[PDB]
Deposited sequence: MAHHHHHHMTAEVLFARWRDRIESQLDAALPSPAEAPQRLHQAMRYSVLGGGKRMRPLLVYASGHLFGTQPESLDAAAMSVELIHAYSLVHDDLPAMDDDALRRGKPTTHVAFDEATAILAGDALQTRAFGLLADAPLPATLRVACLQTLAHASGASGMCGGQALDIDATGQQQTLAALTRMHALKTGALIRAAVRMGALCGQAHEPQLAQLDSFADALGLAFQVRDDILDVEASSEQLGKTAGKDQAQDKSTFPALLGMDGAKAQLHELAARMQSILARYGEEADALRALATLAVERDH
């Protein structure tokens, strides 16, 4: 059995190649839109959401060809959300991962439309997947529920509404559950659906994915202090937030404790969510 480290490298290379083939060429008109779409999603990175799709499918022995559309779709939703988030009317960021944000590299109109078109391509890839129609529909329902006003978009809105206000712990947790937790749970659910998981196992994996999405954000908050006025270290104290993260780490491992080596990839994504330095 291949180690988690080897699997993550293989899946990161795989999703890079799949996304490159799935996006329109920069030489086809409209060239600026296509260039901006590619600029916004190609070029590496953690690929946490594709990795969750593959790692979840891996629990069931599912081949990557059955997972590629689901894995691309969650990265495309994630990528589009960041293109819009970076806009001057939103978070107003000029740099992302050491490179100019998409609206700086191009312009705001191009960034708006590139985000719009990446969202459509996420759904199109699922609808076009070489899978049974019932499975494509189940994946599409999952992604839509997690990405819209009941998930990612709603969480973005809760965040914008809270600009300049101090959120309570309850409200901060709820905001993160929508803004990033929902799409992280969708990634795990879709991988397991492609693995033909049944509902009890879907619910168990959802409990793991729920904890992982929060863990990632608590860790991020801790790192920000070590390197949206309300954060887990500000509301809990730094020691309290570290204890919160430590419990989520233990919780994630306990949920998967009965699996064999087939869960090592998911286990390692949990460790990365808790322990990464960047």
Please report every deposited-sequence interval that has no C-alpha in the structure, sorted by position. 1-7, 235-249
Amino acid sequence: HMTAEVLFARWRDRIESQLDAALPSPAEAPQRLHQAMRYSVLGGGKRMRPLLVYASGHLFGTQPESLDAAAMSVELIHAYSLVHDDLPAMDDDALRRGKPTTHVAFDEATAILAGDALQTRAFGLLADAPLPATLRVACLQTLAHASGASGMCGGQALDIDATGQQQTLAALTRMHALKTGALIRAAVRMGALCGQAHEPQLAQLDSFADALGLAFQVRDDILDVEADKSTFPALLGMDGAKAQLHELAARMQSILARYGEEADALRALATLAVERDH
From here on, numbers count along this sequence of modelled residues.
Going by the B-factors listed in the PDB entry, is the mean over the C-alpha atoms higher for 235-243 or for 205-213? 235-243
Take the C-alpha B-factors listed in the entry for 156-164 and for 106-114, compute each mean, and give the stretch with the larger one. 156-164
Among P130, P200, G191, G181, which residue carries the highest C-alpha B-factor recorded in the PDB entry? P200
Among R97, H145, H176, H84, which carries the highest Cα B-factor? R97
Taking the entry's C-alpha B-factors for this chain, is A70 in the lowest, middle or highest third? lowest
Binned into thirds over the chain's modelled residues, the C-alpha B-factor of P88 lands in the highest
Ranked against its chain, the third holding the CA B-factor of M37: lowest
Here the Cα B-factor of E262, set against its chain, lands in the third termed highest
C-alpha B factor of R47, ranked within the chain: lowest, middle or highest third? lowest
